[PDB]
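*Asks:* I am attaching a structure below and will ask some questions about it afterwards.
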Amino acid sequence: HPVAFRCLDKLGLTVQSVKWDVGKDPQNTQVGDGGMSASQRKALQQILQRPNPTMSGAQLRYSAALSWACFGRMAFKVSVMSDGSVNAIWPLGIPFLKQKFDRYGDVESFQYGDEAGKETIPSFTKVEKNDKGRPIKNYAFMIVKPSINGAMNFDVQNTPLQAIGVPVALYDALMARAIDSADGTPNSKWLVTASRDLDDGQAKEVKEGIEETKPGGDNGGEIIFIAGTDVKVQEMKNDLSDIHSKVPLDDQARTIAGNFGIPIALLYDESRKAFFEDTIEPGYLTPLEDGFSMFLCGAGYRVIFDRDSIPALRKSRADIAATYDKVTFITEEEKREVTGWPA
Amino acid sequence: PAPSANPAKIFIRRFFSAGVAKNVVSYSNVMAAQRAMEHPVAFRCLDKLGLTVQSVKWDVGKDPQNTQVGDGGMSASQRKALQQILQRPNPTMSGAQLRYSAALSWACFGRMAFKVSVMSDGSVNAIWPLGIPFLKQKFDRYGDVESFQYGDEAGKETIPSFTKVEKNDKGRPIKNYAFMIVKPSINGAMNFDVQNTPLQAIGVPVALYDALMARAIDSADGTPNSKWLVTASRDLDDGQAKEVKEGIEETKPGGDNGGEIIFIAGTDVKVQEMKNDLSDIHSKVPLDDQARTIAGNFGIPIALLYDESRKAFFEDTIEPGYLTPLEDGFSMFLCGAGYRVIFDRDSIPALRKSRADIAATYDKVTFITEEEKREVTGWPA
Amino acid sequence: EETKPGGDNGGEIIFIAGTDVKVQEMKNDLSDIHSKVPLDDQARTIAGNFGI
């Protein structure tokens, strides 16, 4: 669909542009830092910049955000070698990913595919852990978006596609009407009709006289003179200027755009800032980074992305930094930490 | 390191079959991209994207996230050679045209393919782009490609993929190989998936546009452009009807009696003036909408076809949709860690004022050391 | 019929000798099917009741 694909790859592109890194977390109350080795952390940095061969981190972000927007789920697979050192990360196709539950309340394994290949990858909950807590073998994530009535994993998906069936169907109906009416409506003017007493044989002469005034004819642009036997011309309107129903179409476009959380103006700069720090930041960035931080590294360290890598926020960050510079009743370290810049 | 066992074996089992050299794009997509290069709006947008991308300047450089103290610029002479090649690829083609062709094929098909000729020591000799339409690839048994077939029958070079190739003792390849940079889509299937291109979702508007323009052309020539459908009666002695006709006619600009009245004695003749509106033949309203649709689907602010909108087009669709994928694809396998291909943003003419104002504003701050004030605005060290 | 875009005689006049046929062009407005005015009001109401 035109509008739906435009919005989907807009979200994907915007998310795909942000830069990763692992770093100390701000709320580091855990003085017993969980960056278990500080070599696992270097390996995780490496992998976050270069996942599994034949795929870069940017494409990982793009696919993850796209599948999150379409289904409200995010799945992955890791290959930690033997000591919490992650080897590579693969995204999982949500459509054909099945999962199996435990007896108490949660998942244990993920089945990926129907019949030939049948790898039941273990969940992060049950897996051979290190003596510190890090896993030793492969596992999967299945990051999930919450909904009503809890049912943390037994619940129904929460995706924008739930509430745009009506507008997308209406849009397709209107556009099909437009296409059908574009070719099928006669595009001729001058429905000219003679009488039933004209000696069919000088009616042809009258027709040739009327016709040979087209641009590039014998007598082009001159009058038509008819001696006797009044012929009667009527000019057809052929409006054809509302075939797509402009008014009840832009509304469906606005609906299936706003349901994805995109300011209409995008399809001024204030609205770009809004689209960035209203739907992209707290709807794709925070869930993804919290999901990764939850189980990819120990406490005290977690995955972060640099906001100053977003080109739309640079002016705002600079003005905020200057204004804070002007204040005095604040020590330097907090003036830093209120605007990034850890220490 | 490399475990060789990815979870993409879900498709080679039965959903696909090995050793067949399946083509990368459906023929329908090739024809659509072909005839979309003649359409007015589609070609305008396509070469707009191509020109914009083609303008940016390359260089190899230290990467910012250099945690790898064991720098992978294996020789520092391979890096000089890669710089040379990035500025001058294979003879009879410059780096700019490489960027243009790459971005264009990325926009049309969602794929990017290349070929390298590293001599014997990771020193790349030249780089050639690969025509996506007639490039076929063959898969392994586990999850990925091994070789690329280029052409149907006479010439049959199965160039190896970067995955399997005679590597150096450091990791760099020794013989030729290919890339096939791919754009992701739903349901994963990293290479077994369907293309993800704007041409998917603009069939309806381009067909509607062509229909409206064909109607306009047909109606332009074919509608009589005459006025004054004047008709006499069936009692006028055909022979003074000709006299009346000559009287009416000889008032055209540059006639005997031009501009004077017409006097008809008896036998009332009756003139009616035809409107011949002809001012909406192209259907202006349901045409600009199709143009807006097939422009926005390519990610181009309507205003382009003010300066704020140019900045938006630069750092919203060109930067994170053609620049980052291309540079990450090259950096992924053209050089070792610690070094990677970068392009200078300050070479873009639209961003210069913004960069300067940001630099000054940051200059005004004090609770920030100089090196980070630099690195937040380019300027590595 | 054969004056549609891509027909034999496309865009030229229609000549009917005798037996006057009568055409009327249907409006087919179809530009208020969703009732734009008494719909945005319901949207405004169920948005403001949520405090947005």
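Residues are named by chain letter and number: chains run A, B, ... in the order of the structure tokens, numbers start at 1 in each chain, and ligands are numbered from 1 in the order shown.
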Return as a PyMOL selection string the residues belonging to chain C that are within 6 Å of chain A, counting only C-alpha atoms.
*Replies:* chain C and resi 3-4+11-18+31
*Asks:* How would the residues just picked look written out with N, CA and C atoms as a PDB file, in the first residue's frame?
*Replies:*
```pdb
ATOM      1  N   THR C   3     -13.956   5.791 -27.968  1.00  0.00           N
ATOM      2  CA  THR C   3     -13.238   7.042 -27.817  1.00  0.00           C
ATOM      3  C   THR C   3     -12.511   7.092 -26.488  1.00  0.00           C
ATOM      4  N   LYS C   4     -12.564   6.016 -25.708  1.00  0.00           N
ATOM      5  CA  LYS C   4     -11.776   5.907 -24.498  1.00  0.00           C
ATOM      6  C   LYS C   4     -10.302   6.121 -24.826  1.00  0.00           C
ATOM      7  N   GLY C  11     -10.790  10.683 -28.791  1.00  0.00           N
ATOM      8  CA  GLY C  11     -10.786  12.117 -28.623  1.00  0.00           C
ATOM      9  C   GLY C  11     -11.511  12.892 -29.694  1.00  0.00           C
ATOM     10  N   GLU C  12     -11.994  12.234 -30.740  1.00  0.00           N
ATOM     11  CA  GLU C  12     -12.674  12.938 -31.811  1.00  0.00           C
ATOM     12  C   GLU C  12     -14.171  12.993 -31.527  1.00  0.00           C
ATOM     13  N   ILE C  13     -14.890  13.769 -32.331  1.00  0.00           N
ATOM     14  CA  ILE C  13     -16.302  14.040 -32.096  1.00  0.00           C
ATOM     15  C   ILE C  13     -17.127  12.777 -32.291  1.00  0.00           C
ATOM     16  N   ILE C  14     -18.389  12.817 -31.874  1.00  0.00           N
ATOM     17  CA  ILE C  14     -19.367  11.788 -32.199  1.00  0.00           C
ATOM     18  C   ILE C  14     -20.361  12.402 -33.165  1.00  0.00           C
ATOM     19  N   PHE C  15     -20.529  11.786 -34.324  1.00  0.00           N
ATOM     20  CA  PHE C  15     -21.517  12.228 -35.293  1.00  0.00           C
ATOM     21  C   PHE C  15     -22.621  11.189 -35.392  1.00  0.00           C
ATOM     22  N   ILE C  16     -23.855  11.618 -35.155  1.00  0.00           N
ATOM     23  CA  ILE C  16     -25.028  10.759 -35.229  1.00  0.00           C
ATOM     24  C   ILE C  16     -25.942  11.321 -36.301  1.00  0.00           C
ATOM     25  N   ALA C  17     -26.155  10.552 -37.361  1.00  0.00           N
ATOM     26  CA  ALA C  17     -27.034  10.964 -38.446  1.00  0.00           C
ATOM     27  C   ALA C  17     -28.443  10.478 -38.140  1.00  0.00           C
ATOM     28  N   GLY C  18     -29.334  11.403 -37.813  1.00  0.00           N
ATOM     29  CA  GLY C  18     -30.702  11.050 -37.501  1.00  0.00           C
ATOM     30  C   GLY C  18     -30.849  10.325 -36.185  1.00  0.00           C
ATOM     31  N   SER C  31     -18.096  12.880  -2.492  1.00  0.00           N
ATOM     32  CA  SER C  31     -17.029  13.609  -1.822  1.00  0.00           C
ATOM     33  C   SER C  31     -17.363  13.920  -0.374  1.00  0.00           C
TER      34      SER C  31
END
```
*Asks:* Show me, as a ChimeraX atom specification, the residues that have an atom within 12 Å of region 350-353 of chain B when counting only C-alpha atoms, minus same-chain residues fewer than 3 positions from it.
*Replies:* /A:311-312,315 /B:52,55-56,306-315,319,344-347,356-360,377
*Asks:* Any chance you could export the current selection's N, CA and C atoms as a PDB file, in the first residue's frame?
*Replies:*
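In the end it all went to selection_29.pdb:
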```pdb
ATOM      1  N   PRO A 311      20.395  14.213  13.566  1.00  0.00           N
ATOM      2  CA  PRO A 311      20.677  15.540  13.002  1.00  0.00           C
ATOM      3  C   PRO A 311      19.641  16.591  13.350  1.00  0.00           C
ATOM      4  N   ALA A 312      18.428  16.200  13.739  1.00  0.00           N
ATOM      5  CA  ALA A 312      17.383  17.186  13.994  1.00  0.00           C
ATOM      6  C   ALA A 312      17.507  17.827  15.369  1.00  0.00           C
ATOM      7  N   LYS A 315      20.704  21.514  17.074  1.00  0.00           N
ATOM      8  CA  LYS A 315      20.510  22.907  17.464  1.00  0.00           C
ATOM      9  C   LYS A 315      19.923  23.013  18.864  1.00  0.00           C
TER      10      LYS A 315
ATOM     11  N   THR B  52      22.119  13.883  -5.930  1.00  0.00           N
ATOM     12  CA  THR B  52      22.407  14.277  -4.558  1.00  0.00           C
ATOM     13  C   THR B  52      23.438  13.352  -3.927  1.00  0.00           C
ATOM     14  N   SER B  55      27.175  13.636  -5.210  1.00  0.00           N
ATOM     15  CA  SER B  55      27.933  14.840  -4.911  1.00  0.00           C
ATOM     16  C   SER B  55      28.838  14.707  -3.697  1.00  0.00           C
ATOM     17  N   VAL B  56      28.633  13.707  -2.862  1.00  0.00           N
ATOM     18  CA  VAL B  56      29.329  13.648  -1.585  1.00  0.00           C
ATOM     19  C   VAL B  56      30.724  13.077  -1.792  1.00  0.00           C
ATOM     20  N   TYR B 306      11.720  27.283   2.549  1.00  0.00           N
ATOM     21  CA  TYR B 306      12.239  26.549   1.404  1.00  0.00           C
ATOM     22  C   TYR B 306      13.528  25.827   1.763  1.00  0.00           C
ATOM     23  N   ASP B 307      14.563  26.599   2.101  1.00  0.00           N
ATOM     24  CA  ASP B 307      15.855  26.011   2.442  1.00  0.00           C
ATOM     25  C   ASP B 307      15.748  25.016   3.589  1.00  0.00           C
ATOM     26  N   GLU B 308      14.828  25.252   4.525  1.00  0.00           N
ATOM     27  CA  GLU B 308      14.558  24.267   5.566  1.00  0.00           C
ATOM     28  C   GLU B 308      14.171  22.928   4.951  1.00  0.00           C
ATOM     29  N   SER B 309      13.378  22.962   3.880  1.00  0.00           N
ATOM     30  CA  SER B 309      12.982  21.723   3.229  1.00  0.00           C
ATOM     31  C   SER B 309      14.152  21.061   2.517  1.00  0.00           C
ATOM     32  N   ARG B 310      15.101  21.847   2.001  1.00  0.00           N
ATOM     33  CA  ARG B 310      16.309  21.248   1.443  1.00  0.00           C
ATOM     34  C   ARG B 310      17.123  20.554   2.526  1.00  0.00           C
ATOM     35  N   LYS B 311      17.293  21.211   3.676  1.00  0.00           N
ATOM     36  CA  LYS B 311      17.962  20.568   4.801  1.00  0.00           C
ATOM     37  C   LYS B 311      17.252  19.282   5.196  1.00  0.00           C
ATOM     38  N   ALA B 312      15.920  19.298   5.181  1.00  0.00           N
ATOM     39  CA  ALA B 312      15.158  18.111   5.545  1.00  0.00           C
ATOM     40  C   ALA B 312      15.403  16.981   4.557  1.00  0.00           C
ATOM     41  N   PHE B 313      15.304  17.279   3.262  1.00  0.00           N
ATOM     42  CA  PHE B 313      15.579  16.267   2.250  1.00  0.00           C
ATOM     43  C   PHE B 313      16.988  15.718   2.385  1.00  0.00           C
ATOM     44  N   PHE B 314      17.924  16.531   2.864  1.00  0.00           N
ATOM     45  CA  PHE B 314      19.290  16.041   2.987  1.00  0.00           C
ATOM     46  C   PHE B 314      19.460  15.132   4.196  1.00  0.00           C
ATOM     47  N   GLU B 315      19.053  15.585   5.379  1.00  0.00           N
ATOM     48  CA  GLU B 315      19.313  14.822   6.594  1.00  0.00           C
ATOM     49  C   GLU B 315      18.108  14.013   7.056  1.00  0.00           C
ATOM     50  N   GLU B 319      20.617  11.149   3.815  1.00  0.00           N
ATOM     51  CA  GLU B 319      21.618  10.716   4.788  1.00  0.00           C
ATOM     52  C   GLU B 319      21.282   9.338   5.342  1.00  0.00           C
ATOM     53  N   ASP B 344      32.597  13.151   4.134  1.00  0.00           N
ATOM     54  CA  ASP B 344      32.603  14.411   4.868  1.00  0.00           C
ATOM     55  C   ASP B 344      31.263  15.115   4.692  1.00  0.00           C
ATOM     56  N   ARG B 345      30.525  15.278   5.793  1.00  0.00           N
ATOM     57  CA  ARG B 345      29.246  15.977   5.727  1.00  0.00           C
ATOM     58  C   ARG B 345      29.420  17.434   5.326  1.00  0.00           C
ATOM     59  N   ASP B 346      30.527  18.061   5.726  1.00  0.00           N
ATOM     60  CA  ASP B 346      30.755  19.455   5.365  1.00  0.00           C
ATOM     61  C   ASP B 346      31.018  19.646   3.879  1.00  0.00           C
ATOM     62  N   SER B 347      31.073  18.568   3.099  1.00  0.00           N
ATOM     63  CA  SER B 347      31.093  18.690   1.651  1.00  0.00           C
ATOM     64  C   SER B 347      29.706  18.905   1.068  1.00  0.00           C
ATOM     65  N   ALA B 356      28.197  25.605  10.850  1.00  0.00           N
ATOM     66  CA  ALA B 356      28.910  26.755  11.399  1.00  0.00           C
ATOM     67  C   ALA B 356      28.221  27.295  12.646  1.00  0.00           C
ATOM     68  N   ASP B 357      26.892  27.413  12.611  1.00  0.00           N
ATOM     69  CA  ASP B 357      26.181  27.926  13.777  1.00  0.00           C
ATOM     70  C   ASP B 357      26.317  26.982  14.963  1.00  0.00           C
ATOM     71  N   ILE B 358      26.207  25.675  14.717  1.00  0.00           N
ATOM     72  CA  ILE B 358      26.386  24.702  15.788  1.00  0.00           C
ATOM     73  C   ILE B 358      27.786  24.810  16.375  1.00  0.00           C
ATOM     74  N   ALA B 359      28.795  24.942  15.514  1.00  0.00           N
ATOM     75  CA  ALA B 359      30.169  25.034  15.991  1.00  0.00           C
ATOM     76  C   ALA B 359      30.356  26.252  16.881  1.00  0.00           C
ATOM     77  N   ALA B 360      29.813  27.398  16.468  1.00  0.00           N
ATOM     78  CA  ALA B 360      29.935  28.601  17.288  1.00  0.00           C
ATOM     79  C   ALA B 360      29.238  28.424  18.635  1.00  0.00           C
ATOM     80  N   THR B 377      31.186  17.585  16.475  1.00  0.00           N
ATOM     81  CA  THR B 377      30.944  18.310  15.233  1.00  0.00           C
ATOM     82  C   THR B 377      31.956  17.884  14.171  1.00  0.00           C
TER      83      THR B 377
END
```
*Asks:* Return as number ranges by chain the full set of residues in region 53-131 of chain B whose backbone-based DSSP assignment is strand (DSSP E).
*Replies:* B: 58-62, 111-112, 114-116, 127-129
*Asks:* Once DSSP has gone over the backbone, tell me which residues of region 257-326 of chain B are in alpha helix (DSSP H), as JSON, numbers by chain.
*Replies:* {"B": [285, 286, 287, 288, 289, 290, 291, 292, 293, 294, 295, 296, 307, 308, 309, 310, 311, 312, 313, 324, 325, 326]}
*Asks:* Can you spit out the residues from that selection as an mmCIF file, in the first residue's frame, using N, CA, C and O atoms?
*Replies:*
```cif
data_model
loop_
_atom_site.group_PDB
_atom_site.id
_atom_site.type_symbol
_atom_site.label_atom_id
_atom_site.label_comp_id
_atom_site.auth_asym_id
_atom_site.auth_seq_id
_atom_site.Cartn_x
_atom_site.Cartn_y
_atom_site.Cartn_z
ATOM 1 N N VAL B 285 -6.259 18.588 -10.963
ATOM 2 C CA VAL B 285 -6.415 18.223 -9.558
ATOM 3 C C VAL B 285 -6.087 16.747 -9.362
ATOM 4 O O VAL B 285 -5.235 16.432 -8.521
ATOM 5 N N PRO B 286 -6.707 15.798 -10.082
ATOM 6 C CA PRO B 286 -6.291 14.407 -9.902
ATOM 7 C C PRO B 286 -5.091 14.035 -10.750
ATOM 8 O O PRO B 286 -5.047 12.949 -11.329
ATOM 9 N N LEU B 287 -4.116 14.931 -10.833
ATOM 10 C CA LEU B 287 -2.815 14.647 -11.421
ATOM 11 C C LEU B 287 -1.688 15.073 -10.501
ATOM 12 O O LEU B 287 -0.733 14.314 -10.285
ATOM 13 N N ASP B 288 -1.776 16.286 -9.957
ATOM 14 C CA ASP B 288 -0.812 16.718 -8.960
ATOM 15 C C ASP B 288 -0.823 15.800 -7.754
ATOM 16 O O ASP B 288 0.202 15.641 -7.093
ATOM 17 N N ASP B 289 -1.959 15.171 -7.458
ATOM 18 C CA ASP B 289 -1.995 14.236 -6.343
ATOM 19 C C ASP B 289 -1.179 12.988 -6.644
ATOM 20 O O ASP B 289 -0.442 12.501 -5.781
ATOM 21 N N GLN B 290 -1.284 12.462 -7.864
ATOM 22 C CA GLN B 290 -0.460 11.316 -8.230
ATOM 23 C C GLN B 290 1.013 11.690 -8.241
ATOM 24 O O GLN B 290 1.870 10.892 -7.842
ATOM 25 N N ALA B 291 1.323 12.905 -8.691
ATOM 26 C CA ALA B 291 2.704 13.368 -8.648
ATOM 27 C C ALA B 291 3.207 13.462 -7.214
ATOM 28 O O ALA B 291 4.319 13.020 -6.908
ATOM 29 N N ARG B 292 2.396 14.024 -6.319
ATOM 30 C CA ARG B 292 2.776 14.110 -4.915
ATOM 31 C C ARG B 292 2.985 12.730 -4.321
ATOM 32 O O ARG B 292 3.898 12.527 -3.517
ATOM 33 N N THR B 293 2.154 11.765 -4.708
ATOM 34 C CA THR B 293 2.281 10.426 -4.151
ATOM 35 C C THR B 293 3.568 9.760 -4.615
ATOM 36 O O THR B 293 4.345 9.252 -3.796
ATOM 37 N N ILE B 294 3.816 9.743 -5.929
ATOM 38 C CA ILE B 294 5.035 9.107 -6.426
ATOM 39 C C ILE B 294 6.275 9.939 -6.166
ATOM 40 O O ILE B 294 7.381 9.489 -6.483
ATOM 41 N N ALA B 295 6.130 11.139 -5.613
ATOM 42 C CA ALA B 295 7.296 11.859 -5.125
ATOM 43 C C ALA B 295 7.558 11.557 -3.657
ATOM 44 O O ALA B 295 8.699 11.295 -3.269
ATOM 45 N N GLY B 296 6.513 11.587 -2.832
ATOM 46 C CA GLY B 296 6.681 11.301 -1.422
ATOM 47 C C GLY B 296 7.079 9.869 -1.145
ATOM 48 O O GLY B 296 7.791 9.598 -0.178
ATOM 49 N N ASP B 307 14.563 26.599 2.101
ATOM 50 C CA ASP B 307 15.855 26.011 2.442
ATOM 51 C C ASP B 307 15.748 25.016 3.589
ATOM 52 O O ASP B 307 16.502 24.035 3.634
ATOM 53 N N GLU B 308 14.828 25.252 4.525
ATOM 54 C CA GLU B 308 14.558 24.267 5.566
ATOM 55 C C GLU B 308 14.171 22.928 4.951
ATOM 56 O O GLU B 308 14.597 21.867 5.418
ATOM 57 N N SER B 309 13.378 22.962 3.880
ATOM 58 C CA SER B 309 12.982 21.723 3.229
ATOM 59 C C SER B 309 14.152 21.061 2.517
ATOM 60 O O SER B 309 14.211 19.831 2.444
ATOM 61 N N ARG B 310 15.101 21.847 2.001
ATOM 62 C CA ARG B 310 16.309 21.248 1.443
ATOM 63 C C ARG B 310 17.123 20.554 2.526
ATOM 64 O O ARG B 310 17.594 19.424 2.335
ATOM 65 N N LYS B 311 17.293 21.211 3.676
ATOM 66 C CA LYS B 311 17.962 20.568 4.801
ATOM 67 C C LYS B 311 17.252 19.282 5.196
ATOM 68 O O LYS B 311 17.898 18.279 5.527
ATOM 69 N N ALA B 312 15.920 19.298 5.181
ATOM 70 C CA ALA B 312 15.158 18.111 5.545
ATOM 71 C C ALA B 312 15.403 16.981 4.557
ATOM 72 O O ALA B 312 15.681 15.844 4.953
ATOM 73 N N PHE B 313 15.304 17.279 3.262
ATOM 74 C CA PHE B 313 15.579 16.267 2.250
ATOM 75 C C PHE B 313 16.988 15.718 2.385
ATOM 76 O O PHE B 313 17.234 14.552 2.062
ATOM 77 N N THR B 324 24.241 6.070 4.852
ATOM 78 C CA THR B 324 24.585 5.091 5.877
ATOM 79 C C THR B 324 24.589 3.655 5.367
ATOM 80 O O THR B 324 25.537 2.925 5.702
ATOM 81 N N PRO B 325 23.625 3.185 4.565
ATOM 82 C CA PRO B 325 23.720 1.789 4.117
ATOM 83 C C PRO B 325 24.923 1.550 3.234
ATOM 84 O O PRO B 325 25.602 0.530 3.385
ATOM 85 N N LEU B 326 25.229 2.485 2.339
ATOM 86 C CA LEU B 326 26.366 2.313 1.444
ATOM 87 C C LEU B 326 27.678 2.326 2.215
ATOM 88 O O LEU B 326 28.546 1.468 2.001
#
```
*Asks:* Near residue 84 (chain B), within 12 Å and counting only C-alpha atoms, which residues show up once chain neighbours fewer than 4 positions away are dropped, as a compact mmCIF listing (two decimals) with N, CA, C and O atoms, in the first residue's frame?
*Replies:*
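Written output follows (around24.txt):
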```txt
# COMPACT_ATOMS: atom_id res chain seq x y z
N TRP B 58 34.23 11.08 -0.66
CA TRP B 58 34.71 9.94 0.11
C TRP B 58 36.06 10.22 0.76
O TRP B 58 36.76 11.17 0.42
N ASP B 59 36.41 9.35 1.71
CA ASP B 59 37.76 9.13 2.19
C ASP B 59 37.72 8.00 3.21
O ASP B 59 36.68 7.75 3.83
N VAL B 60 38.83 7.32 3.37
CA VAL B 60 38.98 6.34 4.44
C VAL B 60 39.55 7.07 5.65
O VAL B 60 40.35 7.99 5.52
N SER B 77 49.37 0.37 3.93
CA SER B 77 49.54 0.54 2.49
C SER B 77 48.31 0.07 1.73
O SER B 77 47.93 0.68 0.73
N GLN B 78 47.68 -1.01 2.20
CA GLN B 78 46.35 -1.36 1.71
C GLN B 78 45.38 -0.21 1.90
O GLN B 78 44.50 0.01 1.07
N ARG B 79 45.53 0.54 3.00
CA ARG B 79 44.63 1.66 3.24
C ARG B 79 44.88 2.78 2.24
O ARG B 79 43.93 3.41 1.75
N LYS B 80 46.15 3.05 1.92
CA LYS B 80 46.44 4.04 0.89
C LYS B 80 45.90 3.60 -0.46
O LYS B 80 45.35 4.41 -1.22
N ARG B 88 39.63 6.83 -7.44
CA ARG B 88 39.69 6.39 -8.83
C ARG B 88 39.48 4.88 -8.89
O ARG B 88 40.43 4.10 -8.74
N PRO B 89 38.25 4.45 -9.11
CA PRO B 89 38.00 3.02 -9.36
C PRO B 89 38.50 2.63 -10.74
O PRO B 89 39.29 3.36 -11.34
N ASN B 90 38.09 1.45 -11.21
CA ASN B 90 38.44 0.92 -12.52
C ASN B 90 38.51 2.02 -13.58
O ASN B 90 37.67 2.93 -13.58
N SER B 94 34.85 7.03 -12.74
CA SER B 94 35.31 7.74 -11.56
C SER B 94 34.46 7.37 -10.36
O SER B 94 33.41 6.74 -10.48
N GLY B 95 34.93 7.77 -9.18
CA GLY B 95 34.20 7.45 -7.96
C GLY B 95 32.81 8.04 -7.94
O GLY B 95 31.87 7.42 -7.43
N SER B 123 45.59 -5.53 -1.24
CA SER B 123 45.65 -4.27 -1.97
C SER B 123 44.63 -4.34 -3.10
O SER B 123 44.86 -5.03 -4.11
N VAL B 124 43.51 -3.65 -2.94
CA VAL B 124 42.46 -3.69 -3.95
C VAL B 124 42.97 -3.01 -5.22
O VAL B 124 43.62 -1.97 -5.17
N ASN B 125 42.70 -3.64 -6.36
CA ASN B 125 43.20 -3.10 -7.62
C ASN B 125 42.17 -2.18 -8.28
O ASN B 125 42.53 -1.12 -8.79
N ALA B 126 40.91 -2.60 -8.31
CA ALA B 126 39.84 -1.81 -8.92
C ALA B 126 38.51 -2.40 -8.48
O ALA B 126 38.44 -3.55 -8.03
N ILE B 127 37.46 -1.61 -8.62
CA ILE B 127 36.11 -2.00 -8.21
C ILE B 127 35.16 -1.77 -9.36
O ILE B 127 35.18 -0.70 -9.99
```
*Asks:* For a quick test of understanding: name the residues of chain B lying within 6 Å of chain C when counting only C-alpha atoms, and present them as a VMD selection string.
*Replies:* chain B and resid 215 218 to 219 222 to 223
*Asks:* Which one of A:86, A:69, A:227, A:44 sits closest to chain B if you count only C-alpha atoms?
*Replies:*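 Among the listed residues, the smallest separation from chain B belongs to A:227.
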*Asks:* What lies within 6 Å of residue 339 (chain B) using only C-alpha atoms, ignoring chain neighbours under 5 positions off, as a PyMOL selection string?
*Replies:* chain B and resi 61-63
*Asks:* Output C-alpha atoms of each residue in that selection to a file, as a PDB file, in the first residue's frame.
*Replies:*
```pdb
ATOM      1  CA  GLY B  61      39.587   7.319   8.040  1.00  0.00           C
ATOM      2  CA  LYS B  62      39.914   6.187  11.620  1.00  0.00           C
ATOM      3  CA  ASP B  63      36.600   5.173  12.953  1.00  0.00           C
TER       4      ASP B  63
END
```
*Asks:* Tell me which protein, DNA and RNA residues are within 12 Å of residue 263 (chain A), counting only C-alpha atoms, leaving out same-chain ones fewer than 4 positions away, and put them as a PyMOL selection string.
*Replies:* chain A and resi 7+10+253-259+267-280
*Asks:* Out of A:177, A:137, A:118, A:100, which residue has the shortest atom-to-atom distance to residue 85 (chain A) when counting only C-alpha atoms?
*Replies:* A:137
*Asks:* Extract, using only C-alpha atoms, all DNA, RNA and protein residues at most 10 Å from residue 161 (chain A), discarding same-chain residues fewer than 3 positions from it, and format them as a list in words.
*Replies:*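 Listing them by chain and then by number gives residues 4, 69, 70, 71, 72, 157, 158, 164, 165, 168, 256, 259 and 260 of chain A.
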*Asks:* Keeping N, CA, C and O atoms, export the residues of the selection given above as a CSV table (one decimal), in the first residue's frame.
*Replies:*
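After the write, result-v5.csv holds the following:
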```
chain,number,residue,atom,x,y,z
A,4,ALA,N,0.9,3.2,3.7
A,4,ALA,CA,1.4,2.3,4.7
A,4,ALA,C,2.8,2.0,4.6
A,4,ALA,O,3.6,2.1,5.5
A,69,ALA,N,7.1,-2.5,14.5
A,69,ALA,CA,6.0,-1.7,14.1
A,69,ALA,C,4.8,-2.5,13.5
A,69,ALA,O,3.7,-2.3,13.8
A,70,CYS,N,5.2,-3.6,12.8
A,70,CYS,CA,4.2,-4.4,12.2
A,70,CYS,C,3.5,-5.3,13.1
A,70,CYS,O,2.2,-5.5,13.1
A,71,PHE,N,4.2,-6.0,14.0
A,71,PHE,CA,3.7,-7.1,14.8
A,71,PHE,C,3.7,-6.8,16.3
A,71,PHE,O,3.0,-7.4,17.1
A,72,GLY,N,4.5,-5.8,16.7
A,72,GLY,CA,4.7,-5.5,18.2
A,72,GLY,C,5.5,-6.6,18.8
A,72,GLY,O,5.4,-6.8,20.0
A,157,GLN,N,-1.4,-9.3,20.1
A,157,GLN,CA,-0.4,-8.3,19.7
A,157,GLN,C,-1.0,-6.9,19.8
A,157,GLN,O,-2.3,-6.7,19.9
A,158,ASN,N,-0.2,-5.9,19.9
A,158,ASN,CA,-0.5,-4.5,20.0
A,158,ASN,C,0.2,-3.7,19.0
A,158,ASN,O,1.3,-3.2,19.2
A,164,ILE,N,-6.3,0.2,11.5
A,164,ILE,CA,-6.3,0.9,10.2
A,164,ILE,C,-6.9,0.0,9.1
A,164,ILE,O,-6.7,0.3,7.9
A,165,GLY,N,-7.6,-1.1,9.4
A,165,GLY,CA,-8.2,-1.9,8.4
A,165,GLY,C,-9.3,-1.1,7.6
A,165,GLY,O,-9.3,-1.1,6.4
A,168,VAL,N,-7.6,1.7,5.3
A,168,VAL,CA,-6.9,1.2,4.2
A,168,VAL,C,-7.8,0.6,3.2
A,168,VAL,O,-7.6,0.7,2.0
A,256,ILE,N,-4.4,6.8,8.6
A,256,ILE,CA,-3.4,5.8,8.6
A,256,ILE,C,-2.0,6.3,8.7
A,256,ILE,O,-1.0,5.5,8.8
A,259,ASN,N,-2.1,7.2,13.0
A,259,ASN,CA,-2.1,5.9,13.8
A,259,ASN,C,-0.7,5.3,13.9
A,259,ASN,O,-0.5,4.6,14.8
A,260,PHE,N,0.1,5.6,12.9
A,260,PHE,CA,1.5,5.3,13.0
A,260,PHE,C,2.3,6.3,13.8
A,260,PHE,O,3.5,6.1,14.1
```
